[PDB]
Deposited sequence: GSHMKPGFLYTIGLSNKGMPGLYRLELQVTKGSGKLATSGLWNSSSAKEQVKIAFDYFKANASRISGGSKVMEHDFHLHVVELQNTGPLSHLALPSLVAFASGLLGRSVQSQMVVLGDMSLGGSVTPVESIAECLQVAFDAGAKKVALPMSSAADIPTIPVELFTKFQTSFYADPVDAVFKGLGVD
């Protein structure tokens, strides 16, 4: 499929516009250092990626040691929408994919986000995000469980275009994005 540590995500930009982004995480031999690029000089994006990396360090046993590798997360803005406001959960998925050397499911977009407390949050404007996902050729989507309540907000022609999986927590999100749960 795709290179491990690479994944597509779709989310509302800082200006409220749905956009498609590609996370490109590189893993090397190191000490556990997180470097970032493409974060638009945004302290908010950096803090989100940091929350993701902290959760990664704290729960990497449930998925191997991050302290023996160095990570560089580049973020590619594919549709000129600005900074992505929902980066924690996609970054966690990209971190775990990079570590385990497992590729994210082919033609899948990961949607949703993660709070500091470690709970997943429903996709913001899921109808618009999935419209972007369909227009971008995505075939599968991984969604937070709560977003099921928003299924009736999505036009049925659009929602039934996807093969959809649901995750209950960040680790479950990792397993759904890699294709093993």
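Missing from the model, by position in the deposited sequence, are residues 1-2, 66-68.
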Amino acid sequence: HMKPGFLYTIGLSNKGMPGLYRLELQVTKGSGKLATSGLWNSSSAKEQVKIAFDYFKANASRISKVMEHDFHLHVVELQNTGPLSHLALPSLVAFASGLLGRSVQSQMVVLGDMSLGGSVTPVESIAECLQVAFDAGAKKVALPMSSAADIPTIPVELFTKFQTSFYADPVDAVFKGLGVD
From here on, numbers count along this sequence of modelled residues.
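The mean C-alpha temperature factor is higher for 21-29 when 21-29 and 5-13 are set side by side. Higher mean CA B-factor, judged across 111-119 and 148-156 from the recorded values: 111-119.
When the C-alpha B-factors of 35, 142, 136, 130 are ranked from the entry, the top spot goes to 35.
Ranked by C-alpha B-factor against the other modelled residues of its chain, residue 39 falls in the middle third. When the CA B factors of the chain's modelled residues are split into thirds, the value for residue 126 lands in the lowest one.
Residue 84: CA B factor lies in the lowest third for its chain, per the PDB record.
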